[PDB]
Amino acid sequence: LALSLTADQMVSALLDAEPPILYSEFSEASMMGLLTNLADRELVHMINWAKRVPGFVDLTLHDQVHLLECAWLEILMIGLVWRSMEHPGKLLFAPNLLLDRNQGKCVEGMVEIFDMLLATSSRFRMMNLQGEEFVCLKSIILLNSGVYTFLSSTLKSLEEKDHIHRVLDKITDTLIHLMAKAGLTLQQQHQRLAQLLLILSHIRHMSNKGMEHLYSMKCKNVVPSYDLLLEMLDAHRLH
Amino acid sequence: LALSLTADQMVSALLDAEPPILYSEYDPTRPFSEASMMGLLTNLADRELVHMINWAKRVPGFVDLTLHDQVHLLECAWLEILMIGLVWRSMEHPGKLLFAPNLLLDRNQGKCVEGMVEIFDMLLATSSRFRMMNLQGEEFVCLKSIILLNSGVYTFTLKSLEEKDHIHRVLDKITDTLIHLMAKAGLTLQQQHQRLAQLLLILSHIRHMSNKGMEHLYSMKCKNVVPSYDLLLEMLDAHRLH
Ligand SMILES: O=C(O)c1ccc2c(c1)CCCC(c1ccc(Cl)cc1Cl)=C2c1ccc(O[C@H]2CCN(CCCF)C2)cc1
Ligand SMILES: O=C(O)c1ccc2c(c1)CCCC(c1ccc(Cl)cc1Cl)=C2c1ccc(O[C@H]2CCN(CCCF)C2)cc1
């Protein structure tokens, strides 16, 4: 069904899948508390969003967990950068939690992360990133980030990787369709596609940097565990 | 001059710029159990870095940037560049990493030191992906040039905007070059945009491996984990007219 979707149907499915914008609730302890709680509430909606990305639920639950374990922070960050796009010099964590780089000084390594996120928001603003492009990029992160670390090389894993690459190809077709509809020339379409996909390497960089600093802080729960993600993804049919 | 190059001239300039394949420095008459695997890899990386700076200077548009910006791009991309090179050399050696013609290692050989088997598995999966895609040498040189220009552009006055604009124009030329190569190979327009995306998404995995590699080098208390600004600036061999 996912591979049968047209570019317009892909765009519509992604726009419809969008999670809501949540609200929050400034010492090292206070701001971290608000950020941790916000990340945890957004994670719940991210799992529901992932289930609505065409082709995602066709995967095994172990592969769905793997993709989310790899991409959760990149997904939170691209969302954050998108919400912050029209707020130069600020990160819109929530409508009631708009922070600047100085507010990042409160926690270890947080300013470096804030500066990288603010530069990404600036880049989105410079490119005049559209909402329809944003939902395609966020879906790409979900399907791409973890596809290279399945490693089992089982016949099932080969079938899963082929499926992921076919869905990713449909998303590329969708991105090109959007650019063609916006009146870009073929040359401009290929150049913009590359510009958008290269920002994903910076998003990966920030996610790794963020995770490194989260571990340096040494808390009990750092990453959503396999079991926690499976618990949320491993739904029953009784509702 | 760089922005005036045709797609064919860009391809030729990149192929001509290619650094040499180096050999690992060890006594091949000795047991090698007596060779530090970390020592061999560190020495090889250090040797390759010198040739990487020479190569970077031959990437069209790179030397038009300020020296401070050239150093920043290399500080950001050096490990990703070593890794893409490694994955390319290993492409036709399933299950092995061709560090050098005399240093072909498997995943078990990564069990020697902390976090290396994880890095080896990720690199082997990338080689496998290149093999599946039948990556061409002309595409590889474009991707390696992209890593150099893209990796540090996000972590950079009107000169800075001009510097970023120049980098993005060179990156656009490389995208045009990759599309040209695919069009010449007989791919349809749809296949061209799909393959361009597939190649650029692998760069996110290359960034991931570079970050994981550096994290493990910092965990071991490795001397000079990263090339210093001064070392890179020295290797760039600045003109003497400033
Ligand atoms: O846009 C969002 O909703 C959003 C929310 C929180 C964050 C971010 C985006 C990314 C940038 C800032 C940031 C952070 C701040 C400081 C440092 Cl050094 C590192 C990072 Cl990445 C976090 C964070 C903060 C805490 C955090 O903790 C959670 C990680 C997963 N949770 C535990 C597992 C589930 F039980 C706790 C996750 C992200
Ligand atoms: O394809 C090459 O020539 C090539 C050479 C060495 C490496 C790689 C490719 C990448 C994979 C394996 C690897 C590594 C092995 C183990 C661990 Cl935990 C992490 C990594 Cl990334 C290194 C490495 C090893 C050491 C190393 O040392 C640095 C410390 C001193 N140097 C930088 C400062 C002077 F410039 C280099 C750099 C890369």
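The number of residues in the range B:82-134 being within 13 Å of another protein chain (Cβ to nearest Cβ) and hydrophobic (A, V, I, L, M, F, W, C) comes to 13.
Taking the range B:6-21 as the range and being within 18 Å of the chain's Cα centre (by Cα) and β-branched (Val, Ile, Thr) as the test, the residues that pass are B:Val11, B:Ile21. Might you check whether a residue that is more than 10 Å from ligand 2 (Cβ to nearest atom) and either among the aromatic types (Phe, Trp, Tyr) or at positive phi (or both) occurs anywhere in the range B:3-19? So far as the range B:3-19 goes, no, none of its residues is more than 10 Å from ligand 2 (Cβ to nearest atom) and either among the aromatic types (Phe, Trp, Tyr) or at positive phi (or both). Residues that are crowded, with 19+ Cβ neighbours inside 10 Å and not polar (S, T, N, Q) were ranked within the range A:108-126; the one that is farthest from B:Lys164 (Cα to Cα) is A:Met110.
Matching residues to (1) of a type in the set (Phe, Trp, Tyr); (2) more than 8 Å from chain B (Cβ to nearest Cβ):
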| site | (1), (2) |
| --- | --- |
| A:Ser145 | no, no |
| A:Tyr148 | yes, no |
| A:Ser153 | no, yes |
| A:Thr172 | no, no |
| A:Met179 | no, yes |
| A:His190 | no, no |
| A:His213 | no, yes |
| A:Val222 | no, yes |
| A:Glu231 | no, yes |
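If the condition is being of a type in the set (A, V, I, L, M) and within 17 Å of A:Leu76 (Cα to Cα), then the range A:208-227 contributes A:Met211, A:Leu214, A:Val222, A:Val223.
If you go through the range B:2-24 and keep only what is over 30 Å from B:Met220 (Cβ atoms) and either part of a loop (DSSP other than H, G, I, E, B) or acidic (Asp, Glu) (or both), you end up with B:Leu5, B:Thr6, B:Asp8, B:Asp16, B:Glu18.
Given the residues B:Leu217, B:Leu241, B:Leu233, which is the only one that is closer than 24 Å to B:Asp64 by Cβ, surrounded by 13 or more Cβ atoms within 10 Å (Cβ to Cβ) and either touching a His at 6+ places or on another chain (Cβ under 6 Å) or not acidic (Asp, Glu) (or both)?
On the way: B:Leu217 fails: closer than 24 Å to B:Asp64 by Cβ; B:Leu241 fails: surrounded by 13 or more Cβ atoms within 10 Å (Cβ to Cβ).
The unique qualifying residue is B:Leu233.
Taking the range A:25-68 only, how many residues are part of a loop (DSSP other than H, G, I, E, B), over 18 Å from A:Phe114 (Cα atoms) and within 16 Å of ligand 1 (Cβ to nearest atom)? Let's see the steps before the verdict.
Step one: list which residues in the range A:25-68 are part of a loop (DSSP other than H, G, I, E, B), which gives A:25-27, A:52-55, A:59-60.
Pick out the ones that are also over 18 Å from A:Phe114 (Cα atoms) and you get A:25, A:52-55, A:59-60.
Of the ones still in play, those that are also within 16 Å of ligand 1 (Cβ to nearest atom) are A:25.
Of the residues in that region, 1 qualify.
Selection within the range A:192-211: residues that are charged (D, E, K, R) and more than 7 Å from every other protein chain (Cβ to nearest Cβ). The member of this set that is surrounded by the most Cβ atoms within 10 Å (Cβ to Cβ) is A:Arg192.
Mind checking which residues of the range B:132-191 are basic (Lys, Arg) and under 23 Å from A:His165 (Cα atoms)? Correct list: B:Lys144 only. Filtering the range A:190-200 for residues that are closer than 15 Å to A:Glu133 by Cβ and more than 20 Å from the chain's Cα centre (by Cα) leaves a non-empty set. Condition check: part of a loop (DSSP other than H, G, I, E, B), away from ligand 1 (no atom under 16 Å from the Cβ) and either more than 14 Å from the chain's Cα centre (by Cα) or surrounded by 16 or more Cβ atoms within 10 Å (Cβ to Cβ) (or both). Does B:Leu135 satisfy that? Yes; evaluated as a whole, the condition is true for this residue.
Check whether at least one residue in the range A:72-80 is away from ligand 1 (no atom under 14 Å from the Cβ), surrounded by 15 or more Cβ atoms within 10 Å (Cβ to Cβ) and either within 14 Å of chain B (Cβ to nearest Cβ) or not in a helix (DSSP H, G or I) (or both), and report yes or no.
No, that holds for no residue.
Considering only residues that are of a type in the set (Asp, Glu) and closer than 24 Å to A:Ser152 by Cα, look in the range A:41-73 and name the one that is farthest from ligand 2 (Cβ to nearest atom). Filtering the range A:41-73 for residues that are of a type in the set (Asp, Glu) and closer than 24 Å to A:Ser152 by Cα, the one farthest from ligand 2 (Cβ to nearest atom) comes out as A:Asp58.
Could you check the range A:149-239 for helices (runs of 4 or more DSSP H) lying wholly inside it with 2 or more residues that are among the polar types (S, T, N, Q), within 16 Å of ligand 1 (Cβ to nearest atom) and within 24 Å of B:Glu118 (Cα to Cα)? The qualifying helices (runs of 4 or more DSSP H) are A:186-216.
Residues in the range B:96-107 include none that are surrounded by fewer than 16 Cβ atoms within 10 Å (Cβ to Cβ), outside any helix (DSSP H, G or I), within 13 Å of ligand 2 (Cβ to nearest atom) and of a type in the set (D, E, K, R).
Don't worry about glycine lacking a Cβ; one is built from the backbone with ideal geometry, like all the others, and counts go over all protein chains shown. Just so you know, all these numbers are worked out from the coordinates, no wet-lab data involved.
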